[PDB]
Amino acid sequence: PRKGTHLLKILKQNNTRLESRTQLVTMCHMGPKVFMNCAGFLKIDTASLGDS
Amino acid sequence: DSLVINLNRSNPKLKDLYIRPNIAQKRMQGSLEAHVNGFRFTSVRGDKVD
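For the protein sequence lines, the chains are M and x, in the order given.
The authors' numbering puts the first residue of the first sequence at 994, with every later residue one more than the last.
The authors' numbering puts the first residue of the second sequence at 649, with every later residue one more than the last.
As structure tokens, then:
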């Protein structure tokens, strides 16, 4: 919960949707292990994404 | 030809756009979406132009 809240807060402050999982490493500055753990379980609905 | 509805899930889109000429008596705020073979302009109400 602590990391989930931190990630959501970063996303809200940026005021931008999670366009790609690489964002978690670039803008969110997520650790390599944390990324390896939580990468294949975060869906980024590119259909509803639309524009970047 | 009929607008090939977007089977592609991406489809670039732009928002906030006043159209000329006016569909109704006055301008209509809307968004634009690039489809497979054209553009679809949708007003805030629902006026679709291809």
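Idealized CB from N, CA, C, for every residue including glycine.
Between x:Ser658 and chain M, the shortest Cβ-Cβ separation is below 8 Å. Residue pairing from DSSP places x:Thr690 in a beta bridge opposite x:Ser679, x:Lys696. Between x:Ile667 and x:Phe689, the C-beta gap is smaller than 8 Å, which places the two residues in contact.
In the DSSP assignment, x:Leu655 falls outside any alpha helix (DSSP H), carrying neither H nor E. Proximity of chain M to x:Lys661 at the Cβ level (cut-off 9 Å) is accounted for by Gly1043, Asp1044, in chain order.
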